[PDB]
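*Asks:* My questions all concern the structure below.
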Amino acid sequence: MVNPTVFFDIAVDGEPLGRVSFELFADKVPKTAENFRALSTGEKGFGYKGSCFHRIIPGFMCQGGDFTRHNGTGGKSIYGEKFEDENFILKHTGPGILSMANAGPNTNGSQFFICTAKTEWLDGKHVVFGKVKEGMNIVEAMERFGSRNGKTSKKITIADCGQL
Amino acid sequence: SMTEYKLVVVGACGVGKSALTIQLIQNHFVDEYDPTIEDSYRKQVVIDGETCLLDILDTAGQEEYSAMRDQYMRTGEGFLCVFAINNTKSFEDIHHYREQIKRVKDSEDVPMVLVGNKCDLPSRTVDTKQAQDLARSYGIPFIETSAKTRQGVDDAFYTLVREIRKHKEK
Ligand SMILES: CCn1c(-c2cc(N3CCN(C)CC3)cnc2[C@H](C)OC)c2c3cc(ccc31)-c1csc(n1)C[C@H](NC(=O)[C@H]1C[C@@H]1C)C(=O)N1CCC[C@H](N1)C(=O)OCC(C)(C)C2
Ligand SMILES: Nc1nc2c(ncn2[C@@H]2O[C@H](COP(=O)(O)OP(=O)(O)NP(=O)(O)O)[C@@H](O)[C@H]2O)c(=O)[nH]1
Ligand SMILES: [Mg+2]
């Protein structure tokens, strides 16, 4: 059972920056991996295409996935607006980790973050479900547009996305 | 020119720190939850017939980062200590917040206002008398507010400015 792979084509104020690909750990977190996979293909009629990375904090992470409100508060999963924390087997071990954003226990939706550093204090609180495969330097390049509180200085969008 | 006052809004997650600040600054309320990292705002206001400039720091209630509050408590001149009237734990967190401010300022006399927010909601769990008594024991004002209806929002921030003024001129 090969873990699935998805891609984002990132744009900065509408101009291409490059492609990031992710391995999704369906072997360990199948429900969370499947949510992200389906949102990347848009096959449920909604998903990540066209949404932005609303919070980028250099030294820590790039966060996105709010495709319902486009303001950092929204998003929804393929299972409903929220779903439970599947497990905390995998840890935030370093740059490239892909993990679920949440507003407390059992509130996963569609928002996610990509680590640009090890963020060990998030272990046990956010569900890790994937990692960057290709294009980590694109994620690093996205940090150029972040700030201390995460507000971005350019519109960082997922211009296209899908499954490889 | 006009005097600038450095205000800092503190309290547990979800009590309404951001909703109160955005009501003050931008005159609106949305019920969406956008948990704060850290935000700064500016607004000029007339208080007691004089114009002054409010510089407001809206802080995160995240318990995980409680050891990173010290730098902003050092720079802040006065503190809005916010709890929600329907959240007993947020009221119990108040003591811990005030104690932290006292330690960083190394003073028992720090400009501060106790704010009981969400007073538009039924099923209150923290009684007004219980909160007035605690503010009485601290020697600071207590104001009940609603970021949703705007009740007490201006009064909370203006009262804190008056407290800072009195402390500076003491
Ligand atoms: C003290 C200042 N601060 C800091 C902080 C922490 C440090 N440390 C240095 C020493 N090491 C050992 C410990 C940490 C240094 N510098 C800062 C920042 C740069 O100082 C301004 C953070 C933070 C997070 C929140 C609030 C205040 C915060 C917060 C507020 S809502 C939140 N977290 C969780 C967030 N939910 C949402 O969005 C919900 C709405 C959606 C659905 C969420 O799922 N994710 C994903 C994981 C990352 C997290 N967002 C986030 O953005 O983390 C920011 C980060 C910088 C990583 C941590
Ligand atoms: N009914 C009612 N809801 C309120 C009031 N103030 C805030 N809320 C709601 O309570 C939730 C949390 O508000 P918010 O201002 O984000 O709280 P916060 O203290 O800034 N949270 P954090 O520490 O995570 O940044 C939001 O859904 C908001 O609409 C109020 O006076 N009345
Ligand atoms: Mg807030």
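Convention: chains lettered A, B, ... in structure tokens order; per-chain residue numbering from 1; ligands numbered from 1 as shown.
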What are the residues of chain B lining chain A at 9 Å or less? Count only C-alpha atoms, and put the answer as a VMD selection string.
*Replies:* chain B and resid 32 to 39 64
*Asks:* May I ask you to write as an MDAnalysis selection string all residues lying at most 8 Å from ligand 2, with only C-alpha atoms and all ligand atoms counted?
*Replies:* chainID B and resid 10:21 29:37 58:62 82 84 117:121 145:150
*Asks:* What does the distance from atom 5 (C, counted along the ligand's line) of ligand 1 to atom CA of residue 116 of chain B come to in Å, to one decimal?
*Replies:*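 Interatomic distance here is 27.2 Å.
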*Asks:* Pick out the residues sitting within 7 Å of residue 86 of chain B, and hand them over as a PyMOL selection string; count only C-alpha atoms, and ignore anything fewer than 4 positions along from it in its own chain.
*Replies:* chain B and resi 123-126
*Asks:* Include N, CA and C atoms and write out the residues we just selected as a compact mmCIF listing (two decimals), in the first residue's frame.
*Replies:*
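Output contents, as saved in result22.txt:
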```txt
# COMPACT_ATOMS: atom_id res chain seq x y z
N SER B 123 -27.44 32.44 31.32
CA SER B 123 -26.71 31.36 32.00
C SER B 123 -25.34 31.83 32.48
N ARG B 124 -25.30 33.02 33.07
CA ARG B 124 -24.09 33.51 33.70
C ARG B 124 -23.68 32.58 34.84
N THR B 125 -22.37 32.32 34.94
CA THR B 125 -21.85 31.49 36.03
C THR B 125 -21.01 32.26 37.03
N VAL B 126 -20.55 33.46 36.69
CA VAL B 126 -19.79 34.33 37.58
C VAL B 126 -20.69 35.50 37.94
```
*Asks:* Would you mind reading off the distance between atom CA of residue 88 of chain A and atom CA of residue 67 of chain A, one decimal, in Å?
*Replies:*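 Interatomic distance, atom CA of residue 88 of chain A to atom CA of residue 67 of chain A: 25.1 Å.
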*Asks:* For the structure I just gave you, how does DSSP split segment 1-96 of chain A - specifically, which residues are strand (DSSP E or B)? Reply as a list in words.
*Replies:*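 Filtering segment 1-96 of chain A to strand (DSSP E or B) leaves residues 5, 6, 7, 8, 9, 10, 11, 12, 15, 16, 17, 18, 19, 20, 21, 22, 23, 24, 52, 55, 56, 57, 61, 62, 63, 64, 77, 80 and 83 of chain A.
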*Asks:* Applying 12 Å and only C-alpha atoms, which residues near residue 108 of chain B remain after dropping the ones on its own chain fewer than 5 positions away? List them as a list in words.
*Replies:*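 Near neighbours after the sequence-gap exclusion: residues 98, 99, 100, 101, 102, 103, 138, 139 and 140 of chain B.
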*Asks:* Might you pull out every residue within 9 Å of residue 162 of chain B, with only C-alpha atoms counted and same-chain residues fewer than 3 positions away left off, and present them as JSON, numbers by chain?
*Replies:* {"B": [47, 48, 111, 157, 158, 159, 165, 166, 167]}
*Asks:* Convert the current residue selection to file output with N, CA and C atoms, as a PDB file, in the first residue's frame.
*Replies:*
```pdb
ATOM      1  N   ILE B  47     -11.021  61.763  25.909  1.00  0.00           N
ATOM      2  CA  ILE B  47     -11.343  61.314  27.258  1.00  0.00           C
ATOM      3  C   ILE B  47     -11.247  62.517  28.183  1.00  0.00           C
ATOM      4  N   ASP B  48     -12.320  62.783  28.927  1.00  0.00           N
ATOM      5  CA  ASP B  48     -12.360  63.924  29.843  1.00  0.00           C
ATOM      6  C   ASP B  48     -11.937  65.226  29.156  1.00  0.00           C
ATOM      7  N   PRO B 111      -1.523  49.883  36.810  1.00  0.00           N
ATOM      8  CA  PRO B 111      -2.840  50.244  36.259  1.00  0.00           C
ATOM      9  C   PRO B 111      -3.510  49.054  35.587  1.00  0.00           C
ATOM     10  N   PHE B 157     -12.037  50.675  28.232  1.00  0.00           N
ATOM     11  CA  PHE B 157     -10.768  51.224  27.767  1.00  0.00           C
ATOM     12  C   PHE B 157     -10.509  52.627  28.323  1.00  0.00           C
ATOM     13  N   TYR B 158     -11.537  53.483  28.383  1.00  0.00           N
ATOM     14  CA  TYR B 158     -11.330  54.834  28.908  1.00  0.00           C
ATOM     15  C   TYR B 158     -10.956  54.798  30.380  1.00  0.00           C
ATOM     16  N   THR B 159     -11.611  53.923  31.150  1.00  0.00           N
ATOM     17  CA  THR B 159     -11.281  53.782  32.562  1.00  0.00           C
ATOM     18  C   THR B 159      -9.823  53.382  32.733  1.00  0.00           C
ATOM     19  N   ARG B 165      -3.195  57.466  33.705  1.00  0.00           N
ATOM     20  CA  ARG B 165      -2.940  58.879  33.968  1.00  0.00           C
ATOM     21  C   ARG B 165      -2.666  59.114  35.443  1.00  0.00           C
ATOM     22  N   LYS B 166      -3.543  58.594  36.303  1.00  0.00           N
ATOM     23  CA  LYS B 166      -3.388  58.801  37.738  1.00  0.00           C
ATOM     24  C   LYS B 166      -2.058  58.247  38.228  1.00  0.00           C
ATOM     25  N   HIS B 167      -1.633  57.113  37.671  1.00  0.00           N
ATOM     26  CA  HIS B 167      -0.382  56.489  38.085  1.00  0.00           C
ATOM     27  C   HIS B 167       0.822  57.308  37.635  1.00  0.00           C
TER      28      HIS B 167
END
```
*Asks:* So which bits of segment 4-156 of chain A end up alpha helix (DSSP H) when you DSSP the backbone, as an mmCIF file with N, CA and C atoms, in the first residue's frame?
*Replies:*
```
data_model
loop_
_atom_site.group_PDB
_atom_site.id
_atom_site.type_symbol
_atom_site.label_atom_id
_atom_site.label_comp_id
_atom_site.auth_asym_id
_atom_site.auth_seq_id
_atom_site.Cartn_x
_atom_site.Cartn_y
_atom_site.Cartn_z
ATOM 1 N N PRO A 30 -5.001 7.096 8.146
ATOM 2 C CA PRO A 30 -5.761 7.021 6.888
ATOM 3 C C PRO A 30 -6.897 8.026 6.785
ATOM 4 N N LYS A 31 -7.616 8.296 7.876
ATOM 5 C CA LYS A 31 -8.748 9.216 7.784
ATOM 6 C C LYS A 31 -8.280 10.645 7.518
ATOM 7 N N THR A 32 -7.216 11.071 8.194
ATOM 8 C CA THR A 32 -6.697 12.420 8.009
ATOM 9 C C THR A 32 -6.022 12.561 6.648
ATOM 10 N N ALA A 33 -5.274 11.537 6.234
ATOM 11 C CA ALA A 33 -4.647 11.570 4.917
ATOM 12 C C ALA A 33 -5.691 11.644 3.810
ATOM 13 N N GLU A 34 -6.775 10.873 3.936
ATOM 14 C CA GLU A 34 -7.811 10.872 2.910
ATOM 15 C C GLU A 34 -8.516 12.224 2.816
ATOM 16 N N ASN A 35 -8.757 12.881 3.957
ATOM 17 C CA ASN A 35 -9.328 14.226 3.928
ATOM 18 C C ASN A 35 -8.461 15.165 3.087
ATOM 19 N N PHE A 36 -7.157 15.221 3.381
ATOM 20 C CA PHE A 36 -6.266 16.131 2.661
ATOM 21 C C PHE A 36 -6.177 15.759 1.187
ATOM 22 N N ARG A 37 -6.148 14.458 0.888
ATOM 23 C CA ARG A 37 -6.092 14.014 -0.502
ATOM 24 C C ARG A 37 -7.314 14.486 -1.291
ATOM 25 N N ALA A 38 -8.517 14.244 -0.756
ATOM 26 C CA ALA A 38 -9.736 14.636 -1.459
ATOM 27 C C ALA A 38 -9.860 16.151 -1.583
ATOM 28 N N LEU A 39 -9.433 16.893 -0.560
ATOM 29 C CA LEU A 39 -9.453 18.347 -0.663
ATOM 30 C C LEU A 39 -8.473 18.848 -1.714
ATOM 31 N N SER A 40 -7.379 18.115 -1.931
ATOM 32 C CA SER A 40 -6.404 18.527 -2.932
ATOM 33 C C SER A 40 -6.909 18.271 -4.346
ATOM 34 N N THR A 41 -7.708 17.219 -4.547
ATOM 35 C CA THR A 41 -8.260 16.962 -5.875
ATOM 36 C C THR A 41 -9.514 17.772 -6.152
ATOM 37 N N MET A 136 10.678 21.503 -0.950
ATOM 38 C CA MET A 136 10.831 22.169 0.340
ATOM 39 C C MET A 136 11.364 23.587 0.172
ATOM 40 N N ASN A 137 12.204 23.825 -0.836
ATOM 41 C CA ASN A 137 12.708 25.178 -1.011
ATOM 42 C C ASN A 137 11.616 26.163 -1.420
ATOM 43 N N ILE A 138 10.502 25.688 -1.996
ATOM 44 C CA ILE A 138 9.360 26.565 -2.259
ATOM 45 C C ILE A 138 8.726 27.003 -0.950
ATOM 46 N N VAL A 139 8.581 26.069 -0.011
ATOM 47 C CA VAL A 139 8.052 26.418 1.303
ATOM 48 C C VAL A 139 8.978 27.406 1.991
ATOM 49 N N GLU A 140 10.288 27.174 1.895
ATOM 50 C CA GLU A 140 11.240 28.140 2.433
ATOM 51 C C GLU A 140 11.060 29.501 1.765
ATOM 52 N N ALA A 141 10.837 29.508 0.446
ATOM 53 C CA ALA A 141 10.646 30.760 -0.274
ATOM 54 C C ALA A 141 9.375 31.475 0.169
ATOM 55 N N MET A 142 8.365 30.730 0.634
ATOM 56 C CA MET A 142 7.137 31.368 1.106
ATOM 57 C C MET A 142 7.368 32.166 2.386
#
```
*Asks:* Please identify all polymer residues within 7 Å of residue 119 of chain A, counting only C-alpha atoms, omitting same-chain residues fewer than 4 positions from it, and present them as an MDAnalysis selection string.
*Replies:* chainID A and resid 92:94
*Asks:* Write out as a ChimeraX atom specification each polymer residue whose atoms come within 10 Å of residue 156 of chain B, counting only C-alpha atoms; drop sequence neighbours fewer than 5 positions from it.
*Replies:* /B:20,24,80,113-116,141-145,151,161
*Asks:* Using atom CA of residue 129 of chain A and atom CA of residue 63 of chain B as the two end points, give the distance in Å to one decimal.
*Replies:*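 About the pair atom CA of residue 129 of chain A and atom CA of residue 63 of chain B: they are 24.7 Å apart.
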